[PDB]
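Chemist: Handing you this structure, nothing more for now.
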Amino acid sequence: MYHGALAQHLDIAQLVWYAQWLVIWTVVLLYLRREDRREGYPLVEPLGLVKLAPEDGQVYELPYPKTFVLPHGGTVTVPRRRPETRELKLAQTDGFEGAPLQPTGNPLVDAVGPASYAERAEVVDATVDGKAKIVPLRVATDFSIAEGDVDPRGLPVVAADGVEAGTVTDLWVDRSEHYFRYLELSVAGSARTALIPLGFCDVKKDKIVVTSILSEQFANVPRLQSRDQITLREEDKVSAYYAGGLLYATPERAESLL
Amino acid sequence: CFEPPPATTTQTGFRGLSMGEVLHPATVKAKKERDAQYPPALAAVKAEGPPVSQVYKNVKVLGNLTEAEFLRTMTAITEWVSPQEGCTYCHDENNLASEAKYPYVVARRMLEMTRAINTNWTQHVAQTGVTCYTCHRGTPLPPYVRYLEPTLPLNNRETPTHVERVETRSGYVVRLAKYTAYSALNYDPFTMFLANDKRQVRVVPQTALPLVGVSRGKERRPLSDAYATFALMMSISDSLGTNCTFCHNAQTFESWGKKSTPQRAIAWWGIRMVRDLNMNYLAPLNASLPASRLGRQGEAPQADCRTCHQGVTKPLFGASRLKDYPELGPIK
Amino acid sequence: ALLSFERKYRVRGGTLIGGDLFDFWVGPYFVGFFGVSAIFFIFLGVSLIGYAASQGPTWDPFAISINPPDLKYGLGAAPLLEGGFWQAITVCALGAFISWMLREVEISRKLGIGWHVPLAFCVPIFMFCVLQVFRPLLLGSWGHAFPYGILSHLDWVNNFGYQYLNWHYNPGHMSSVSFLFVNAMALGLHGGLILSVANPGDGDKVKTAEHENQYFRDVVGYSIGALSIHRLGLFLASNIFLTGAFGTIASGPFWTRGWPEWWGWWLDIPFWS
Amino acid sequence: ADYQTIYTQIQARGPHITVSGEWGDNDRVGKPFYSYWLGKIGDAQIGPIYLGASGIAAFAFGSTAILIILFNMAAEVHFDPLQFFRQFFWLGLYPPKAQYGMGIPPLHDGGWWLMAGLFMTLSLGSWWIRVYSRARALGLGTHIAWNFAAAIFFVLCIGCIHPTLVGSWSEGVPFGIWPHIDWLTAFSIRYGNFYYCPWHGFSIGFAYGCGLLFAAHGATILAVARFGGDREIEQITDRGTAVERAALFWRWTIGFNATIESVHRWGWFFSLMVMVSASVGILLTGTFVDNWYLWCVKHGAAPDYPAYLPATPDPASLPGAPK
Ligand code: BCB
Ligand code: BCB
Ligand code: BCB
Ligand SMILES: C/C=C1/c2cc3[nH]c4c(c3C)C(=O)[C@H](C(=O)OC)c4c3nc(cc4[nH]c(cc(n2)[C@@H]1C)c(C(C)=O)c4C)[C@@H](C)[C@@H]3CCC(=O)OC/C=C(\C)CCC[C@H](C)CCC[C@@H](C)CCCC(C)C
Ligand SMILES: C/C=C1/c2cc3[nH]c4c(c3C)C(=O)[C@H](C(=O)OC)c4c3nc(cc4[nH]c(cc(n2)[C@@H]1C)c(C(C)=O)c4C)[C@@H](C)[C@@H]3CCC(=O)OC/C=C(\C)CCC[C@H](C)CCC[C@H](C)CCCC(C)C
Ligand SMILES: CC(C)=CCC/C(C)=C/CC/C(C)=C/CC/C(C)=C/CC/C(C)=C/CC/C(C)=C/CC/C(C)=C/CC1=C(C)C(=O)c2ccccc2C1=O
Ligand code: HEM
Ligand code: HEM
Ligand code: HEM
Ligand code: HEM
Ligand SMILES: CC(C)=CCC/C(C)=C/C=C/C(C)=C/C=C/C(C)=C/C=C\C=C(C)\C=C\C=C(/C)CC/C=C(\C)CCCC(C)C
Ligand SMILES: CCCCCCCCCCCC[N+](C)(C)[O-]
Ligand SMILES: CCCCCCCCCCCC[N+](C)(C)[O-]
Ligand SMILES: CCNc1nc(Cl)nc(NC(C)C)n1
Ligand SMILES: [Fe+2]
């Protein structure tokens, strides 16, 4: 007789093969694939002239709402209906839903395409003890550049067009993670500052190089409301602005690479 | 530590199973050259004469040979085993029937064994056969022999280091690693498998599910048996200068038919053959040998796959002298 | 059909090639020139897989197998049913994969994000080539590559391993396995941590960046930090193949013995022999 | 290009932070010290570290495990130092070579192996506790402790439980570098080729999947580092352009997409299942399946191939073969 044998043609391992697969497709389809739907659902679309249904599929695919209780007060519940109210200066290039949109203004300023930002909270990211998290080193006093690294304060910022566009006045540090995230510059020919996220900067000994945008385009870099603080949504505005240059700083960048 | 392209590859299994030999051309060449030293057959003599059984006195095995034939044999024997020493290695200088020296009687028994191998172990040695040269390679002590404990260097013509000496215990694990192609397998497949017929090489089940009655507790073969068998195969592979897929399709090591090559069945026979030589010819020779010869348990030196093969899938790349020396068998 | 936030990103631009021509979406799929070639090859390769498979003795999915040619055809073209198909399917596979890779660049370009993903995706394509193209070229025949079969490809891995007596002792393999195991563990840790912070249990407050650092400083005395654990994961993962490629390439073209014996370079330093 | 994703161009130094535990803040020993080259591709601070009971316990047990293995290993080269250092890899501490069933083997034949097996278990145990607590103490979920449990359970399976189930200690995993490796072939051989174990397959599927996922996730984040994608907690409670762009990348490529939280769920799950699938396969092996190739053959899955060299009958079954 055999260990595991169940019938004329059944055995344990073989049944457990079946159960194994079931556990997997269960967790994957009924759990994880629904967890994936806590942002951006329900899918937005055109509209119908007459429609009346709590369209069933849109209910079935969603998980039950979850709520995070936020560390410094408040709650957030996901999923939730979060339509994009803001007007988008874009226009359909052809007819079909597949068709790409095109900017009708300055996409850098309009913030469409790679220049877009999320409607993040207009609040200031905090450290764990309540302080503003991302702040210039003027404010962040117990913070310092590590011995060995270029201190960009003083250095010129140089744009994609090769032209000096400003001068670095400060570095903003993350005090939760001890990590610089922006440089601040006095814009040349303006009395504004710009922050530029450190990822858009090539840090040389003698200059800071920024390829995303031409010197001209630093003028319309987004403006903070406070000057020693920055909100989550501003971080998004600032970052998206340079990202947009990567497609839009000059006319040929949107076109076929090769 | 590396070897340069190209490699010589063969195919031993259906395309896409990655089965075959992987040979470094230079190594093959160097073994080809060492094996090339097989002395050619002595010129054939016409058999004018009586049986040396009539002519000579103390001739037991080759008694039926004419005189000229017989001395031809004695010349080949001398050239294969004790060339540097000459006839006298075995004979009394002044009396040739004299069994005074142990090489005589040992050599006598080895003519018998040699004729056994060629007559009865045909399913292994086929029509290639062995001669004295196959093991001895021109010295009285064969270069590759096995004691009831691992020893190093494998070629006994090399000088042992301290650590290699069987007495240096700190060197045990290495003596063993070097007999199983450098694995750490803590078994000696020679004494477990090849010295005698006590152990079973197959360790893999032939049913999908565990049979009730042999599958629990002390009913079971310990996992160590699988390690052992692996060790043996590591050894065989290295002995033949080949890899598992010379014999197995690794899909199912336990299966024969399409899952095994002709060379696996030949190897199966060689295990049987080796056990016979060891148990019935070679082990008994501790009676007839000087202490000088014997190992730490008074065991005579014995044979494994290397003793003949010495690193090649066919000994001496398949050279034969079988039609040249019929004395040595097959004996009708 | 569009995610709630998707529409503002759906702008023209970013193509490597083609420009406006295939710059559009079918459903959620960006197409682009390489979407078009990816699909062409897939359909090719999958058609060949069908005809090949149909010429053979089985339609059990585990047992279907399309194999390379006998060693004897060398690096030459082999008859359709005798390795020819396998040859064609391989070309289609490579075309599919690289299309998929370049299509990822175009998507990255349009979204204004780094090209790190298609780059990471080059590692497995590379390893695919080591196994099927490079190592067969070094060894002289397409007959050394692996068969396209769910189970048969394991029989090839098996035998290839045992050609070198014990593949486990292959130093390239040892490095590979270690990366495979570290990365599996680290993905577990990085996932478990981010989840533990965002989902503390009961109604307790979502925690912070400072907690993540604190947890691992506490447990092991070091925290690699948030950006750096992603850079690590991409490194540990990628190195499974980048270091493994050497173990694979070495076997046959640079080492013909068992892999245990390779270590004799250490064991046999005569100083301690 | 984004050099930040390659390394930290300008490092920042600042006062060392401490997030307070709900206990044991007083067991964090050591002075934070900073490495400049570490800081280039990681956080620069090394240390402090938390002591604790579970931790000390873990250390105590593991150190004993190790002393037993090393002492026996040392016995193997008969206490010669140089041969010890030379032969280290080959050296091991083995389970019963003989069939003692579930009987306690003598020290010379597996007795010591059991010992070390015990202390390693308690070592792993105490460490689990520490991994679970620190999370609790810091007000965190225990997802890590749970993922670790599965890993520990796997070890239990191959070290203890499978030998108990079949009723032989001889089946366990030796301690030692090459020896633990040789076991892998010993085990697969006896159980008829682990390639044909379905759960070996699932496990590899998840292991490769971890490679796929951690390459994909790591790269995705570095690729949106410019939009602060690394700050994953706050991209969770407040979706930003980073994880919008991460999602649309994946939606446009493969057609569906995770979120920034859920992708860590997919990640955790895949990691977990490597260990889960593997334990199941070990639990079934020997208990209910003796030969996986033949089990597969039994159930129709196994591939089959033409003879290439002539088919070779088992000699042993011929007419008047020896034994
Ligand atoms: C007996 C034989 C053995 C063996 C033989 C072996 C060989 C022969 C090789 C490895 C290799 C490897 N082994 Mg080893 N192995 C490993 C682990 C590993 C891997 C880390 C490594 C790389 C695998 C690979 O190349 O993937 C390759 C995966 C690829 C190329 C995937 C390409 C994906 C492609 C880009 C896209 C495909 C898309 C789909 C077609 C489309 C999708 C369709 C649907 C989904 C839409 C472990 C953990 C163990 C254990 C625990 O024992 C082990 C045991 C053994 N291995 C045995 C000892 N191993 C390889 C190596 O690197 O060695 C150094 C290698 O060559
Ligand atoms: C050097 C060693 C190799 C190796 C060793 C290996 C082992 C030892 C094992 C697998 C296993 C598997 N392998 Mg193989 N493998 C596979 C694909 C596969 C799957 C059939 C399966 C699960 C893998 C997985 O989940 O990955 C992670 C990816 C995930 C989770 C995403 C989903 C991918 C999806 C499962 C892909 C399925 C592929 C389709 C069958 C292909 C069909 C293509 C066309 C016709 C549509 C591909 C597509 C390739 C290519 C293109 O190179 C490849 C190369 C190799 N594998 C190397 C040759 N593979 C396991 C198995 O169970 O085999 C039966 C297993 O045991
Ligand atoms: C010839 C032998 C083969 C073999 C034999 C084999 C066996 C016998 C087993 C596997 C198993 C597994 N194999 Mg397979 N294998 C694998 C991959 C894998 C893994 C996915 C999985 C093992 C799980 C694991 O990660 O362990 C690594 C992770 C571990 C060990 C967990 C550690 C956790 C622990 C808490 C850490 C503790 C450390 C502390 C410091 C301890 C302190 C120590 C001190 C105190 C002494 C690949 C990718 C390949 C390929 C490509 O060929 C392959 C080929 C083969 N395997 C051959 C067919 N494999 C396992 C399985 O899944 O089977 C069902 C299994 O048991
Ligand atoms: C070290 C880093 C690793 C790594 C990394 C990354 N991995 C990526 C990315 C990154 C970064 C992506 O960006 C890209 C992706 O989109 O993510 C979802 C991708 C992808 N990884 C897949 C499979 C996968 N990754 C494996 C391994 C690793 N990934 C390692 C671990 C394995 C292993 C381990 O076996 C598998 C099987 C696909 C799902 C997907 C390609 C889809 C495609 O290419 O579409 C194009 C092709 C198809 C849809 C089908 C084409 C069919 C051909 C024409 C006909 C069949 C060919 C034949 C060869 C079949 C043989 C079958 C037989 C052996 C049984
Ligand atoms: C799929 C998911 C998997 C996965 C998952 C996870 N893995 C985890 C976690 C998760 C989630 C944790 O949370 C936990 C952890 O904490 O991480 C930070 C952990 C861990 N995974 C380790 C090793 C690992 N994971 C492997 C595999 C997988 N992991 C698989 C792949 C492998 C493989 C591949 O073999 C390895 C080797 C350890 C680093 C760690 C446990 C340490 C321990 O258990 O402590 C046990 C304690 C000891 C041995 C103490 C003794 C040590 C000293 C130095 C001895 C000194 C001797 C001296 C003689 C005396 C001097 C005295 C002095 C006073 C003079
Ligand atoms: C229909 C048609 C003919 C169209 C023309 C257009 C065209 C070219 C269509 C392509 C059609 C084809 C060929 C589709 C096949 C798609 C493929 C290759 C699917 C495989 C998907 C698989 C198996 C993935 C395996 C990995 C996996 C388990 C993923 C699930 C989790 C996900 C979705 C991860 C990806 C992902 C990662 C890695 C992040 O880190 C991340 C971070 C923050 C937010 C989101 C993400 C995110 O989604
Ligand atoms: C060297 C060329 C050599 C000579 C010469 C030689 C001669 C020889 C004769 C003539 C006999 C018969 C003696 C008698 O009357 O019994 C004989 C017998 C045996 N020999 Fe011899 N022999 C020479 C060399 C060697 C060598 C090198 C050995 C040992 C390896 C050896 C052995 C023997 C044996 C045994 C016999 C008996 C044969 C038998 O049929 O029983 N000889 N030899
Ligand atoms: C062929 C007919 C043949 C002869 C002749 C022969 C002789 C022989 C002698 C002289 C000895 C004793 C050596 C010593 O001085 O102690 C001896 C020993 C061994 N032999 Fe031999 N041998 C002949 C054939 C074969 C063959 C075919 C093999 C291998 C299968 C073989 C092997 C051995 C072995 C082993 C020994 C024992 C160790 C030793 O005493 O040297 N011989 N042989
Ligand atoms: C290569 C290192 C190698 C491996 C691995 C291997 C394994 C192996 C196993 C697991 C068995 C047992 C089969 C069972 O349990 O039924 C086994 C048996 C035999 N082998 Fe083997 N083998 C390896 C290599 C080689 C080589 C190079 C050959 C042929 C020259 C060979 C031969 C054999 C034979 C014969 C058997 C049967 C044992 C008997 O019946 O006594 N193997 N092998
Ligand atoms: C030890 C158990 C051993 C093994 C293993 C073994 C294997 C083996 C094989 C696979 C062949 C055939 C190779 C092929 O067909 O390509 C083969 C052939 C011969 N062997 Fe052998 N052999 C083992 C042991 C021994 C010993 C101890 C000797 C010498 C007394 C010996 C001899 C031979 C001979 C001779 C052949 C050649 C057959 C041929 O066709 O040329 N083997 N062996
Ligand atoms: C007592 C009875 C009746 C029952 C007990 C049951 C029990 C719980 C038994 C358990 C057995 C177990 C769990 C066995 C598991 C075995 C396993 C998985 C072992 C695996 C591999 C081991 C390997 C690779 C390692 C071995 C050891 C070494 C390499 C030496 C270690 C050395 C060091 C870590 C260096 C220390 C010094 C360094 C810090 C500088
Ligand atoms: C073989 C190992 C386990 C593989 C598990 C595969 C998970 C793939 C999930 C993708 C499912 C996608 N979708 C849209 C159908 O939900
Ligand atoms: C990695 C090994 C996978 C082995 C799969 C074994 C499946 C057993 C269950 C029956 C499956 C039937 N089928 C499709 C093969 O005919
Ligand atoms: C901020 C995330 N930090 C972090 N994350 C992980 Cl997954 N590991 C570590 N450190 C050790 C376990 C390598 N630190
Ligand atoms: Fe992450």
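Protein chains in written order, with this note's numbering: chain Y, 1 to 258; chain A, 1001 to 1332; chain D, 2001 to 2273; chain P, 3001 to 3323. Cβ coordinates follow ideal geometry from the N, Cα and C atoms, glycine included.
1) According to DSSP, is residue 2211 of chain D part of a helix, a strand, or is it coil?
2) Could you check the C-alpha separation between residue 1132 of chain A and residue 1041 of chain A for me, to the nearest Å?
3) Between D/2145, D/2082, D/2088, which lies nearest to residue 2046 of chain D when the distance is taken from Cα to Cα?
4) Can you tell me whether residue 3251 of chain P sits near ligand 12, meaning its C-beta is under 6 Å from at least one heavy atom of the ligand?
5) Output the boundary residues of the alpha helix (DSSP H) element that contains residue 66 of chain Y.
6) Could you tell me which of Y/40, Y/213, Y/90 sits nearest to residue 2012 of chain D, measuring between CA atoms?
7) Quick one, which residues of the stretch 3038-3050 of chain P are near chain D if we go by CB-CB under 7 Å, in chain order?
8) Run through DSSP, which three-state label would residue 260 of chain Y get?
9) For ligand 13, is there any heavy atom lying closer than 6 Å to the beta carbon of residue 3299 of chain P?
10) Could you please give the first and the last residue of the uninterrupted alpha helix (DSSP H) stretch that includes residue 1236 of chain A?
11) Tell whether a beta-carbon distance below 7 Å holds between residue 2159 of chain D and residue 1018 of chain A.
12) Threshold first: 4 residues or longer. Then list the alpha helix (DSSP H) segments lying entirely within the stretch 3100-3147 of chain P, N to C.
13) Near residue 2180 of chain D, what residues of its chain come up, given a Cβ to Cβ distance below 6 Å and the 5 sequence neighbours on each side ignored?
14) Looking at chain P, which residues of the stretch 1257-1268 of chain A have a Cβ within less than 7 Å of any of its Cβ atoms?
15) For the beta strand (DSSP E) containing residue 2136 of chain D, list its first residue and its last residue.
16) Run down chain Y in chain order and give the residues with a C-beta less than 7 Å from the C-beta of residue 3198 of chain P.
17) Any idea what DSSP makes of residue 1058 of chain A, helix, strand or coil?
18) Report yes or no: do the stretch 1175-1184 of chain A and the stretch 2258-2268 of chain D share at least 3 C-beta pairs separated by less than 8 Å?
19) Residue 196 of chain Y lies in the beta strand (DSSP E); which residues open and close that run?
20) Is the CB of residue 3 of chain Y under 7 Å away from at least one CB in chain A?
21) Pop quiz: residue 1172 of chain A and residue 1227 of chain A are said to be a contact at Cβ under 8 Å. What is the actual Cβ separation, rounded to whole angstroms?
22) Compute the Euclidean distance between the alpha carbons of residue 6 of chain Y and residue 18 of chain Y, then round it to the nearest angstrom.
23) Please decide whether residue 3291 of chain P counts as near chain A, where near means a Cβ-Cβ distance under 7 Å.
24) Grouping DSSP H, G and I as helix and E and B as strand, with all else coil, what is residue 3049 of chain P?
25) Find the residues of chain P that neighbour residue 20 of chain Y, judging by a C-beta separation of less than 9 Å, and give them in chain order.
26) Contact between the stretch 3278-3295 of chain P and the stretch 1195-1210 of chain A: three or more CB pairs below 8 Å?
27) If you count every other CB in all the chains shown that lies within 10 Å of the CB of residue 25 of chain Y, and 16 or more means buried, which is it?
28) Is the beta carbon of residue 2075 of chain D within less than 6 Å of some heavy atom of ligand 8?
Modeler: So, from the data block:
1) As a position in the third sequence, residue 2211 of chain D is number 211, starting the count at 1. Looking at residue 2211 of chain D - three-state DSSP - the assignment turns out to be helix.
2) Taking the first residue of the second sequence as position 1, residue 1132 of chain A is located at position 132. Taking the first residue of the second sequence as position 1, residue 1041 of chain A is located at position 41. Distance between the alpha carbons of residue 1132 of chain A and residue 1041 of chain A is about 13 Å.
3) For the purposes of this step, residue 2046 of chain D is identified with residue 46 of the third sequence, where counting begins at 1. Considering only alpha carbons, the answer is D/2088.
4) Within the fourth sequence, residue 3251 of chain P is the residue found at index 251, counting from 1. No, the Cβ of residue 3251 of chain P stays beyond 6 Å of every heavy atom of ligand 12.
5) Along the first sequence, read from residue 1 onward, the residue named residue 66 of chain Y stands at position 66. Unbroken run through residue 66 of chain Y is the beta strand (DSSP E), 66-69; no alpha helix (DSSP H).
6) Here residue 2012 of chain D is taken as the residue at index 12 of the third sequence, counted from 1. Closest by alpha carbon: Y/90.
7) 3041, 3042, 3043, 3046, 3047, 3048, 3049, 3050
8) Here chain Y covers residues 1 to 258 and nothing more, so residue 260 of chain Y does not appear.
9) Counting from one through the fourth sequence, the residue named residue 3299 of chain P turns up at place 299. The answer is yes for residue 3299 of chain P.
10) In the second sequence, the residue the question calls residue 1236 of chain A occupies position 236. That run of the alpha helix (DSSP H) goes 1224-1239.
11) Residue 2159 of chain D sits at position 159 when you count from the first residue of the third sequence. Residue 1018 of chain A sits at position 18 when you count from the first residue of the second sequence. The answer is yes: Cβ separation under 7 Å.
12) 3111-3137
13) Numbered from 1 along the third sequence, position 180 holds the residue referred to as residue 2180 of chain D. These residues qualify, in order along the chain: 2240.
14) 1257, 1258, 1260, 1261, 1262, 1264, 1265, 1268
15) By one-based count along the third sequence, residue 2136 of chain D stands at place 136. That residue, residue 2136 of chain D, is in no beta strand (DSSP E); its alpha helix (DSSP H) goes 2135-2139.
16) Here residue 3198 of chain P corresponds to residue number 198 of the fourth sequence, with the count starting at 1. Within 7 Å Cβ-Cβ: 17.
17) Residue 1058 of chain A sits at position 58 when you count from the first residue of the second sequence. It is coil, neither helix nor strand.
18) yes
19) Sequence index remark: in the first sequence, residue 196 of chain Y carries index 196 (1-based). Note, residue 196 of chain Y: beta strand (DSSP E), 193-197.
20) The residue given as residue 3 of chain Y occupies position 3 in the first sequence. Closer than 7 Å to some Cβ of chain A, the Cβ of residue 3 of chain Y qualifies, so yes.
21) Locating residue 1172 of chain A in the second sequence gives position 172, counting from the first residue. Locating residue 1227 of chain A in the second sequence gives position 227, counting from the first residue. Their Cβ separation, rounded to whole angstroms, is 17 Å, which puts residue 1172 of chain A and residue 1227 of chain A out of contact at 8 Å.
22) What you label residue 6 of chain Y is simply residue 6 of the first sequence in a count that begins at 1. What you label residue 18 of chain Y is simply residue 18 of the first sequence in a count that begins at 1. For residue 6 of chain Y and residue 18 of chain Y, the distance between alpha carbons rounds to 15 Å.
23) In the fourth sequence, residue 3291 of chain P corresponds to position 291, counting from 1. Chain A contact via Cβ: present.
24) Here residue 3049 of chain P refers to the residue found at position 49 when the fourth sequence is read from its first residue. Correct three-state label for residue 3049 of chain P: strand.
25) Within the first sequence, numbered from 1, the residue matching residue 20 of chain Y stands at position 20. In chain order: 3198, 3199, 3202, 3277, 3280.
26) yes
27) Residue mapping note: residue 25 of chain Y aligns to position 25 of the first sequence, counting from 1. Answer is exposed; the Cβ neighbour count stays below 16.
28) One-based indexing of the third sequence puts residue 2075 of chain D at position 75. No, since every heavy atom of ligand 8 falls outside the 6 Å radius drawn around the Cβ of residue 2075 of chain D.
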